[PDB]
Amino acid sequence: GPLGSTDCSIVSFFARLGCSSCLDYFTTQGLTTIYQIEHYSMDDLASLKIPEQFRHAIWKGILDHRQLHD
């Protein structure tokens with residue numbers, strides 16, 4: 003049986019936030035990870051063909067999470 007965790011990627015993070023199509027794109031590209039977005043600043047995301055309309059939101063959500071928690 004699992005032990006709390008089972009799969010840890012941006013998929014679960016998008017599910018909570020309400021992000022739908024953006025999660026699809028991420029899992030389809032095969033580059034969805036939590037610890038990576040925590041190091042991949044706004045520039046890498048822009049170079050990943052991610053538009054500002056969503057890019058700054060993804061980054062803001064995770065940076066806000068790690069900022070509000072420990």
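Residues in the sequence shown are numbered from 3 upward in steps of one, following the numbering used here. Each residue gets a CB set at the ideal place from its N, CA and C atoms; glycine is no exception.
**Message:** So for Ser-7, helix, strand or coil by DSSP?
**Reply:** Start at 1 with the first residue of the sequence shown, and residue 7 comes out as number 5. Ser-7 falls in the strand class under three-state DSSP.
**Item:** Anticipated Cβ contact below 8 angstroms, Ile-64 with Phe-15, distance rounded
**Value:** The count along the sequence shown starts at 1 and reaches residue 64 at position 62. The count along the sequence shown starts at 1 and reaches residue 15 at position 13. Going by Cβ atoms, the distance from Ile-64 to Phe-15 rounds to 7 angstroms, so yes, they are a contact pair.
**Prompt:** How about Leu-47 and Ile-36: are their beta carbons less than 9 angstroms apart?
**Reply:** Within the sequence shown, the letter at position 45 stands for residue 47. Within the sequence shown, the letter at position 34 stands for residue 36. No, the Cβ-Cβ distance between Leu-47 and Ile-36 is not below 9 angstroms.
**Request:** Grab me the residues of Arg-68's own chain with a C-beta within less than 8 angstroms of its C-beta, minus the 5 sequence neighbours each way, in chain order.
**Result:** The residue you call residue 68 lines up with position 66 of the sequence shown. Answer for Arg-68: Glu-40, listed in chain order.
**Where the alpha helix (DSSP H) containing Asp-66 begins and where it ends** = The residue labelled residue 66 in the question sits at position 64 within the sequence shown. Unbroken alpha helix (DSSP H) run through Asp-66: 54 to 70.
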